[PDB]
Structure formats: structure tokens, C-alpha cells
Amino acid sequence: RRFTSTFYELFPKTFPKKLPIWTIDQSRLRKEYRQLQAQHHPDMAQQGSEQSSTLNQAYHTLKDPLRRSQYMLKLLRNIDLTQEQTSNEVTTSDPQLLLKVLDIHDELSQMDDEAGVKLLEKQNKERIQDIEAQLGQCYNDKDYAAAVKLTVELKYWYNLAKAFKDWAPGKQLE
């Protein structure tokens, strides 16, 4: 029933079938995004009327794993995990995860030097890669319920990834 275009539909060379998929050839997507920009003549109108629906938004959404997963679940299951309301319903049922996240935040603040922070950051990068591999399986198998849970989880590890970057030495304890 949708007649508006999807971001997959804006890259027809990268997605000949025009349907949402997880395993994107990122080299082909990058090449097509550059090509579409090369093909833009100053008489033409650009695609999309606001930042959220431009080719630039489409490209950066499909490039990044978290955004690509949230975007797929929007198109395929009508669920918008960028909304605090939707995502809280998911993890309400899952205290163990929330505790684990929060304990990593606490471990971070106990680290006495950059070496201990780098270790936690390497371990977080590994959780992220594993989730990306698990998501490819869930999408291949149409396990959308599992992909929702993993995508809400993936957002917490992205948030920690940024905390590791923002870390500085020498915070006072007490």
C-alpha cells in the first residue's frame, strides 16, 4: 500500500530488486551514491523535501549497521526503534541486559588508565560485530522479533562506543 519511495529504491544499481536487505554491498552503494551526485544537473530538483528523505540521509542510513537495522524494521514491521517509547517496551522484559549495560558503564568509570579503557572498548567492538552477524541471520530467516531485540541492544553498545571515545584520564573518585 506504501507508494512513497524507500531508501533502497533510491539506489537501483545497488538493489536491482528494490527491496530492503541487510547484506548491502557497501562498495557498490558508495559508488552509486557518488555517481548519482555526478549525474545531478543544476536544473534538476533533488530527491526529498527535507533532510530526513534526501539521498544523503538514504546513503548514511544504509551504510551504518544500527541505522540500517532500525530502518529495515520501520519498513518491514512498522516499528520505529529510534522512539524511546517503542524501544522501552522491548527491554522492559529484559533486566539482565539492562544490568549488564549499566555494569559496563560502571566498569568504565572505575578504569584507572587508558589501557583499561581500550580493553573495554575492544570487548564492546566484538559485541557489536557479533550482533551484526546475528542480525544478518535474523533478516535472512525473517526472524523480525529477534532482530528488534538485537537492534535495541545494538543501540546500547553504540552509546558505550561513544563513551569510550569521550573518556579522559584523571577523573576524581570519592
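One-based numbering along the sequence shown.
165-173 or 3-11, whichever carries the higher mean Cα B-factor: Per the PDB entry, the higher value belongs to 165-173.
Given 94-102 and 67-75, the range whose Cα B-factors average higher in the PDB entry: Between 67-75 and 94-102, it is 94-102 that shows the higher mean C-alpha B-factor.
Out of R34, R127, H60, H41, residue topping the C-alpha B-factor column of the entry: Of the candidates given, the C-alpha B-factor peaks at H41.
Modelled-residue ranking by C-alpha temperature factor, third containing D141: Tercile = highest for this residue's CA B-factor.
Position of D112 among the chain's modelled residues by C-alpha B-factor, lowest, middle or highest third: As the PDB entry reports it, the C-alpha B-factor of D112 lands in the middle third of its chain.
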